[PDB]
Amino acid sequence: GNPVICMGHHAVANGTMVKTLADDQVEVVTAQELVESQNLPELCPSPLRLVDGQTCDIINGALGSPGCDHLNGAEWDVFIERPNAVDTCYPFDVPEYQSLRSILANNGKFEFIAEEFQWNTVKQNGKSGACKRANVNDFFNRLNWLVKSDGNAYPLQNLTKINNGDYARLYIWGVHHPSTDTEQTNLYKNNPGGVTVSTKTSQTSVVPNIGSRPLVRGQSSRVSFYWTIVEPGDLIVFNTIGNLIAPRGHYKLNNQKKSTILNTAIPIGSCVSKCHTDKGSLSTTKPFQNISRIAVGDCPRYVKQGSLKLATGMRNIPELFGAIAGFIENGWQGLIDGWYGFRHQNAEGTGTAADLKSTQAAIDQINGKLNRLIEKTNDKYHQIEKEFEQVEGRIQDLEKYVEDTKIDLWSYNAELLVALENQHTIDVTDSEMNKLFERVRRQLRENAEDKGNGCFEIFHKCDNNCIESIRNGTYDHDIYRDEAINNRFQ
């Protein structure tokens, strides 16, 4: 009525606080951070193909502005566009600028092919001192500036390019418009001008506009750029009685467009990562991140919280079933080779040993319990714009509201998931502690009594081999039962 065997669990000097459904902060032995809050100060060129626009934004690269020659033939997963990019040619605008930029970015490549346009008597290749290439008056190398004849001759242009190809074609054309009325008549003389680009099923006609506007690049004049898409079977008719900034061919479009554009000043480095934010690339296995809503590729999901700790171990009590932090007073810092174990005392001395089965059962149910849930990847490429220079009204409100709605919902999911999992992890570890206790209780039958602190008083001599027989499940209660019963009740 003298040896004692105690069942218990590990502990460390100082653990990590986590949140559950029932508790704001409970200390557990180990935990894992789920929110990535650190970014690399560079962008990774692998495994995704990054293309640096450098001084050239993507519109100018499609126009063929000066300094945008490297973008010729370029292929990208993510077009990297610099915020300090510069206009290096004739002052222009694009109605539906955003939509053209999106189409260009998503298509993923600059692959121009040449086509010969036989312009009547009009002269071609008009240039300007605004668009100087090596201080030589030049022009958008994808565009043809059509001017009068020498002999004062603006004739009607009607030529048609037919798409009998295997792909959809992208034509970019423009409409010049001047400053007064002499303008227009010393450059196309017909006044007003006008252009009509059309397909089999679609029209587009432009009325040039003439007036004073600021001296940008030293000109009071502008060009307005449009685009037209021609799918296999359709075609495109160029009508102008003046002012048409003709195309020199068409861009080839991919059937499936899987690319996008990232606008950032961050330099391109030599790291490896499949996730890119406008603050830099992310190198992580965490499921969430608080770095930027603007994120492309194989990225963690963006959330509002700066920290969410997932418990990966039991409650930490140094020195639901009510075992851990319950009838078991505290954990054992000395138990370093297991989560649960046995501590005994008999006539020969004392000992602490780990229990493998219970330890392994807990680890199996807790280790990486998230990988089976929050999927793996989340591969997002072309999305929507998420930050804006100036308000625009209706469309911009919706774009912002959609993203704000998405973020709140995922932040909610992240919060609930962690509290839920942690609640479950704590219950599992408490559960396994008391399964171990109950296992040993059942082994001992009538030979021992529960002392109330996770310990059994064993009512017979139990030497080291006897103790080990209890720990490894070979203890035969019938051997000691006579001795034990006599000690218990007499």
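Numbers for residues come from their place in the sequence shown, where the first is 1.
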{"query": "Extent of unmodelled deposited sequence, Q390 relative to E389", "finding": "none"}
{"query": "Comparing 203-211 with 75-83, the one whose average Cα B-factor in the PDB entry is higher", "finding": "203-211"}
{"query": "Mean temperature factor over C-alpha atoms, higher-scoring stretch between 436-444 and 26-34", "finding": "26-34"}
{"query": "Among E375, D408, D278, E385 - the residue whose C-alpha B-factor is largest in the record", "finding": "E375"}
{"query": "Per the PDB entry, maximal CA B factor within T350, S283, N290, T121", "finding": "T121"}
{"query": "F117 by Cα B-factor - lowest, middle or highest third of the modelled chain", "finding": "highest"}
{"query": "Modelled-residue ranking by C-alpha temperature factor, third containing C68", "finding": "highest"}
{"query": "Assigned third (lowest, middle, highest) for the C-alpha B factor of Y167", "finding": "highest"}
{"query": "Position of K274 among the chain's modelled residues by C-alpha B-factor, lowest, middle or highest third", "finding": "middle"}
{"query": "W332 - which third its CA temperature factor falls in, relative to the rest of the chain", "finding": "lowest"}
